[PDB]
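Asks: From the sequence below, what's the structure:
(9 chains)
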Amino acid sequence: XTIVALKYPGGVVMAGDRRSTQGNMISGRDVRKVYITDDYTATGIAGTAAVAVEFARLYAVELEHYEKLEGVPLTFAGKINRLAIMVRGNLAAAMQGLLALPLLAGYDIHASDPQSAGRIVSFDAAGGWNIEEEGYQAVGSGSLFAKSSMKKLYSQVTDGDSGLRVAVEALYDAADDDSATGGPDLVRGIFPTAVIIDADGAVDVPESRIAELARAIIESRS
Amino acid sequence: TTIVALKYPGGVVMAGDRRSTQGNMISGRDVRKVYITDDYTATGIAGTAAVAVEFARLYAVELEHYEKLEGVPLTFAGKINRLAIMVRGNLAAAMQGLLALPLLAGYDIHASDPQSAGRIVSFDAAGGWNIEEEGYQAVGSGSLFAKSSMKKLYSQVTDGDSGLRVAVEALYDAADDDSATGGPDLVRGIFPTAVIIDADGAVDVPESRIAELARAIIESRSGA
Amino acid sequence: XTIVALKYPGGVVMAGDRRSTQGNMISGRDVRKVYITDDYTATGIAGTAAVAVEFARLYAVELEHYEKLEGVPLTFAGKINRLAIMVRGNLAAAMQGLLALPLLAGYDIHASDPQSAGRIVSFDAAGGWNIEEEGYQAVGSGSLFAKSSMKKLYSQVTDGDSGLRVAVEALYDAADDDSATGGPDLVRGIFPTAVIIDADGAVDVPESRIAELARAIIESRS
Amino acid sequence: XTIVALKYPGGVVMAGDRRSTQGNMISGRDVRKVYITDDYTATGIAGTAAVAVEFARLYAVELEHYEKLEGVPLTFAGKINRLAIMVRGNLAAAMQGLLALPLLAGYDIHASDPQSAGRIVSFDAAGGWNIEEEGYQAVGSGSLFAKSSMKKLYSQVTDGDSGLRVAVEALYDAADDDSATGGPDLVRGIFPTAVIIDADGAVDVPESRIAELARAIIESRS
Amino acid sequence: XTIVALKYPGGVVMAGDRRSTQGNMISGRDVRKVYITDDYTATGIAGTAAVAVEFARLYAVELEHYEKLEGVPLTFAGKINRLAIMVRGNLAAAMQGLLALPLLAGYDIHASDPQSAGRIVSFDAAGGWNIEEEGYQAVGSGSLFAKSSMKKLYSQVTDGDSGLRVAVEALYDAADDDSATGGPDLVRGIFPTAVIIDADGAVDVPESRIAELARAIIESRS
Amino acid sequence: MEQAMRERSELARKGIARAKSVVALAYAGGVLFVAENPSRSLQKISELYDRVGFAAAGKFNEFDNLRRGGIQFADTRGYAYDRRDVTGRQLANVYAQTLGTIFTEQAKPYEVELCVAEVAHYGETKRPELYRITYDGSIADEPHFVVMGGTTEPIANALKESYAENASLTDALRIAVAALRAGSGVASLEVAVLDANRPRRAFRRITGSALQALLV
Amino acid sequence: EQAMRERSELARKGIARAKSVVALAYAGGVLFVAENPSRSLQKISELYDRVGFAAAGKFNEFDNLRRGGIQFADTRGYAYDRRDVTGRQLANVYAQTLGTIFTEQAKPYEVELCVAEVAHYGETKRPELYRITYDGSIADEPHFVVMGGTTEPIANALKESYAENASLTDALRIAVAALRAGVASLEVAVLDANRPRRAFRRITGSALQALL
Amino acid sequence: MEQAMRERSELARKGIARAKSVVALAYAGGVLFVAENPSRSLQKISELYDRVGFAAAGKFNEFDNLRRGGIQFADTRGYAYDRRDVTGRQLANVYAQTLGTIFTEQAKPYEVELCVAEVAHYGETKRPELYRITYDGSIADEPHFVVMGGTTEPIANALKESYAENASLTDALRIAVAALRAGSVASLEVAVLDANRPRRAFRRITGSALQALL
Amino acid sequence: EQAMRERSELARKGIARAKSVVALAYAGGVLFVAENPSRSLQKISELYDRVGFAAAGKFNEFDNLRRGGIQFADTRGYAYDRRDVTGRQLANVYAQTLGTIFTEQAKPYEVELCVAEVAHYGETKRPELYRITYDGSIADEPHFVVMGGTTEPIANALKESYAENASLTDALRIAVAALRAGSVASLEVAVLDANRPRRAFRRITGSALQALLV
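Replies: Residues are numbered from 1 along each chain as shown, chains lettered A, B, ... in the order given. There you are, the coordinates:
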């Protein structure tokens, strides 16, 4: 599985593949790994459909819990801390094999510069966080391939459209070199999911828009 | 990972590299390991790089919590004792591989001589501390290279500026002999971070300054 | 590292080296291992510094605590008992590798004969104590070398000055045969620390008096 | 270390050596292993010299604690039971290597026949006791040599004096065949310690009487 | 060690050997393993001496405790159940090496037929109990030998005297073939112990009667 | 406070005057316990340990609770130390402490009066000990006899008048039954002794045919 | 109300007995002015980055509350973030604590509290002032809070002398004057908005004489 | 609050007044304890530690509880530190705290009066100390004698006129038995804290040996 | 309301019954002078390095507080550092404890406490004196503290005779004279000597005391 995230001028985009494996066997082809967690954030977890939907569900509950109790949303630093705590609280279960590494994408509505208000935060085994200053990041079994792809393609990111294209291509490159990451299935019509976040909030990118970009990448390579 | 600290006349300077690795692979290029923990102290943590921000955050809270409750800052020795207990309380988790050794830099307001008020304290696995009496210290995978560099360079430290420059050079030398320590990246514009502490308190040295220093070292050593 | 202690007429002297090692690497040159724990006692610890640093401070607090609470100091036997208890308490942690063996030097103000009121007590892993009748004792990696030195030199101890000489010579002999024990450093001016205890109480021997002794020993062997 | 105990007409005698070893190294030459625990009992402990001292002190406190509380001393059977419980408590500690096997000597003031009122009780690892009906017993690394010596010399026991001579000779034999048991040191003047118990109570045997016996044994074999 | 038990017309007899061993070495010659636990029962324990010796004592207390609290003694079935619980409560300690297997002999005062009112109950590691309809049973390292001996000689049991004679012969046979079981020591005058239980209660068989039987068995085989 | 402890004292003492009388007296072979008890089923007299006996008067469920706690105490002590280390003094002392706590701490005080008696061990020479522990925890050492429950003064006076040291069992039983009548039949009695002549468990009940044949 | 009119009575009398404290909003933040003789016992204190505390009444009781508030604030900042600790949050928790105390404790706390908050560095927000009373009642005040002693003369002397964006020197004089109506003997502090993180600053000795 | 506190104080005072009297006095040998006690098994005087003695008056079950708790305290302290670290001041202090807590917290206060006495260690010279602890936890350091239980005023007056520092054992005993008669062997319970003995000072003077000195 | 007035009365009377204590600042630190007949029961004590304690009232109650303060001080100095323990801190803790007792407990503590602190060796700071009363009220006093018995007479005498930088001998006489107005033995004397390296507390007794007296 591979999850990518990148900053574009005015926002951030996060995308993830749809595969699930039980060793060598493909156990799922429709898995959703990227979820909108509140109006300005999205989390992607490299793993099973449930440990991705249950982690995102709990974090979403935690964030909205604070908002209702206090009247205002948590600060982005606050959102990071809460996620870090959740991951750290799963360290005892991560020594068995139940590892879940999240990637957080968000837009800081309180940032000075709206152009660079997109945020990408990655977490390690211990529950340690790092706010990425390089522009892009990826987690999962195909992350090295996706990061190396974005390294060559990032200069082409100028807006939301080009950013989403680079994200989909990175995920394509991940699936091309990693069997645990699923590429776009033109036969069944299953494509990577994506979330785009700007000053107007977090929006699920429609399947049709990704399908158009997938076909363009395929047609560009043959 | 390498974190250096040195005393200069009137203060102390602490600097750390930005590299993170997973095995051979470089997992991060912009990790910050040196943090101001109160008005007169800074901590640098080596290993478990993601966690460096977290250890500093808890220590800072403890210091401030005391200061607000009691109306006065803890003595420097008190500051040392608190940090030693935090480290001792993490011995069980360090046996797994989650090891975090801190380096503490501070200025003692209560010290008799202002010029010699700067302090450097290092900690070992067990949570044992040692107040450095030799003027410099370093922790992390490149510490031996950094300490050996400073041993030949320290005599030229006479003020905050030259102290910062010996620290950057020590870090540079460490990166030279240790792949787990990152040297200054002129391409991406990422440089080591630093904190300087004197009688006026703890201040983050601007990226601008560490940058001019690194370029003066690197560009000249190279063809530039 | 090595710590020595010896009885001299009317008193006791305890001295320790300044080295700290991480395997073969010299990690410290100025380590102080002998501390005055109350008006009439001093402790020297060999083993783990983290354990060692803590033991002296805690023991001192314990002795003073009793004194303030009860209005009188503990008997020498009680002081031994308290130290012994602390050591046993640390046994679970000694199996891991955090071994700290203390050496206690004191002057019993309630002893019959003021000439032989000096006391040296050693502790083993289990927290067991023993009061020396032989006149000297040593703990640490260079203890055998130090004890064998004192065996030949103890007949020369006639007062506090000669006892401090023998103590510093014993430590010199320890460093000469044990790389984990630091000898006197002429270049850096770092010398072993010492504490001398008599009817007037415990006092830190000044660096300069130790230094004169080291040079004499050095000149005597050239 | 070796501790011996034997019944004579009208009492019992217990004696022990003075050595302490750390592997092959002699770590002590003046160790007292036999202690008067109450008016009519004495305990000798072999093994870890550390679990030794704190054994007699605690047992002595327990015996006295009962007497003050209830106004009468414990029956000898009661004294045995309390001691056995103490040993049992330390069984977990023993599995590590901190084995401390006590030997108890006493005089039952409530026994029918005053001539055979002497009592010797031995304990095993599990905390199990056995009242010695044979006349003598020994514990420690030289116990076999001591028991085999006493087997041949026991018939010579007719009174307190001949009884103490056999106990000292047994210890001499133990030291002759076992390097961990210390023989009488004529150079330093250190000799085995002994306690003799009869209807008049438990008394420490003076060093001079044992020295006299030691020299007589040495001349006898020379 | 070996403990035997057999039913005769009108009662039951239990006998045990006096030996004790620490590996090969003989640690005891006077050990009593059979104890009267109440007016109509007796227990013999084979296994570690420390748990076994204590074991009879705890059981005797439980039986007596019920009797004082309720006014009437426990039924024979109740006495068995209590012993079974005691043994089961020692299963965790039996995995280390502290195995104690008891054999219970008793006379059921509430039985229909007074001739067959003798009872023998054996216990296994798990705390499981069995009642012997065969009329004889044995436990210990020499049990197989003793049981085989009894099988040949059980026919000759017509009353208490012949029952006791067979019990002593079975123990003689156990000692003849097992070095851990002690035979009758004619030199020291030490013989197996025995308890005989009939309608008049449990009584310790005197030493002289067993000596007369042991001598006759020895004469008979010589 | 004071008024209240006086009211608890009155409740307990009235509940004891209502109860049937019990007598405990020293004789030649040990200690004899004689109580007026119509019921076959419930016992005012019991064994505590080897040489120690118990007798009580008052509210049954309350003194049985105490009888049980004493057996519990005695068996634990005998196991933790040794059998010869359990004494009557020890038990009387623990009943004093328990009754005292109940008198002060509980919602209602115990309407009981206890007797703890001890005889010498087999082949030992020691005068029998008798202790009276009352509702408030007061403990008294009596040298000859103890009378509890009901109309004690008449019973006690009769005993004082006819007591003889080391009297025969037949004699002591008549002196006691005579004394009980003063304050008030095999079917109507509960008799037991602490027989100093038995090897270990001294306590022995004298019932039915054996009792009758002795009442003469 | 046969136990409440009493429990409340006891508290009000105690508050009435005590000295006076004034808290007012100015140009650079919030100014705390209290009548305090003691050199080392303080009635004015820092709670968090931008939040201040002032109290009136029995010392041991309001110091207990001060400590609990610091305890609360530090715990909250750690669990979430610092920017997330607000004066409203602290006022709310004091309201809940005082109320419980005035309900099940042996006696009611004889105190009157003021929690004040200024804007974060470079942010534009009007200062917030909250008055929490002995019973847990919480009051929100736009301009100023007066606590302890004879409150009415001081409150009226202020309502007549109050301006929206007064200078530090001006606001200090308006406050000292109000106190008389209702260095040593004075405790003075400010929540300084221009400060980057910790707003709280104590105005003591020579520096206090110099402005008046 | 007041009548309540006076009522508890009254219950205690009356219970102590109803009990037999006890006297403790310093003498050349050490400390002498004499109590009016008809019983042979129930003790009012006892050993606490090596050089420390105990004497009490009042309700038995209550002071025996206190006696046991003191032996419990002493033995634990001696074991945790050293024997010479246990003092009469320490035990008096702990009885004060125990009685005081009981006086306020418990349902009924303890109807007891306690005396803790200490003597010098063997071979040392230090004037004996006597402490009197009352039902409410009040502690009094007395330098010559302590009188507890019953009619203390008459007993105390007799002693005050009678008492002489550093008296002989026989003289002290007669002075005490005479002072006890002013307020009222089989009857008495006697014991001393003999400063002469090497470790355990406490000794009881009983039977035949007491008849001589009487 | 009217019941918390009675609690106030019980404690005040108790303090009045007890012997008076005086604490005053001088040149070399702080001086404590108390009227104490007792030889082993002390009203003055060391709390920490530079902090002293003095009390008046019922012994078992202030000794409890003395112990708790040592317990507090030793724990804080171990968790942080020695230099982190101050008199203000101990005075504060006592005030909090006294108040809780005053409200939660059956009977309030019949005590009046003084916590004093001198400067560290070679440091320049004026001595601090804190008076903590039965209800938890705390006061900071610049020159002297008077507790127990008849305070007004003692205080007035001191107020008239006090000198800020008085000599140890001078200050001792000014204190002993002020104590006589409220009526080397029966006097407990101690100082917090700012001139000692670490432990400032030093008792003045016997011969040393006598020379000071004259």
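Asks: Name the SS class of residue F:192, please.
Replies: strand (DSSP: H, G, I helix; E, B strand; the rest coil).
Asks: correct me, but it touches residue F:44?
Replies: No - taking contacts as C-beta atoms under 8 Å, residue F:192 lies outside contact range of residue F:44: 9.7 Å. Where you see a C-beta, it was placed from the backbone N, CA and C, and this is true even at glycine.
Asks: Have a look at the two and say which one is more surrounded.
Replies: Set side by side, residue F:192 and residue F:44 give different neighbour counts by other C-beta atoms under 10 Å in any protein chain shown, the larger being at residue F:44 (27 against 24).
Asks: do stretch F:135-143 and chain H meet?
Replies: Yes - looking at stretch F:135-143 against chain H by C-beta under 8 Å from any C-beta of the partner chain, the contacts come from F:137-139, F:141.
Asks: Need the contact partners of that stretch.
Replies: The contact list for stretch F:135-143, computed with C-beta atoms under 8 Å, 6 or more residues apart in numbering or on different chains, reads F:9, F:12-13, F:16, F:26, F:92-93, F:95-101, F:103, F:109-113, F:127, F:129-134, H:39-42, H:59-61.
Asks: And residue F:199, its phi and psi?
Replies: Per-residue torsions, residue F:199: phi -60, psi -40 (degrees, to the nearest 10).
Asks: how about the strands in the chain?
Replies: Unless you meant another one, I'm taking chain A. Using DSSP state E, the strands found in chain A span residues A:2-8, A:11-16, A:20-22, A:25-28, A:34-38, A:41-46, A:101-107, A:118-123, A:129-131, A:136-140, A:193-198, A:201-204.
Asks: switch to chain F, that's the one I care about
Replies: With DSSP E as the criterion, chain F has strands spanning F:22-27, F:30-36, F:45-49, F:52-58, F:112-118, F:129-133, F:139-142, F:145-148, F:189-195, F:203-206.
Asks: and the first one, what other elements does it pack with?
Replies: It stands for strand F:22-27. On a contact count with 3 or more C-beta pairs under 8 Å, 6 or more residues apart in numbering or on different chains; DSSP states H and E, strand F:22-27 meets strand F:30-36, strand F:52-58, strand F:112-118, strand F:129-133, strand F:145-148, helix F:152-162, helix F:169-182.
Asks: Pairing partners for the second one, with directions?
Replies: On the basis of DSSP bridges, the sheet neighbours of strand F:52-58 come out as strand F:45-49 (antiparallel), strand F:112-118 (antiparallel).
Asks: cool, and the shortest one?
Replies: Applying DSSP bridges, strand F:145-148 is found paired with strand F:22-27 (antiparallel).
Asks: now the partner strand against strand F:129-133, angle please.
Replies: Orientation check (axes from the mean of the first three to the mean of the last three C-alpha atoms, to 10 degrees): strand F:22-27 against strand F:129-133 gives 160 degrees.
Asks: closest point of chain A to chain B, which residue?
Replies: Sorted by distance to chain B under C-beta to the nearest C-beta, the residues of chain A start with residue A:128, at 2.1 Å.
Asks: Please apply the same query to chain F.
Replies: When you check chain F against chain B by C-beta to the nearest C-beta, the closest residue turns out to be residue F:80, at 38.4 Å.
Asks: which residue is nearest the centroid of chain F?
Replies: The C-alpha lying nearest the average C-alpha coordinate of chain F belongs to residue F:55 (C-alpha atoms, centre = their mean; 2.6 Å).
Asks: Please identify the deepest-packed of the strands paired with strand F:52-58.
Replies: With neighbours taken as mean count of other C-beta atoms under 10 Å in any protein chain shown, the strands paired with strand F:52-58 reach their highest mean count in strand F:112-118, at a mean of 28.
Asks: For burial, what's the neighbour tally of residue 72?
Replies: Going with chain A. A count of nearby residues for residue A:72, using other C-beta under 10 Å, gives 11.
Asks: think we crossed wires, I meant chain F
Replies: Going by other C-beta under 10 Å, the residues that sit close to residue F:72 add up to 13.
Asks: Also residue F:14?
Replies: Burial of residue F:14 is recorded as 11 neighbouring residues (other C-beta under 10 Å).
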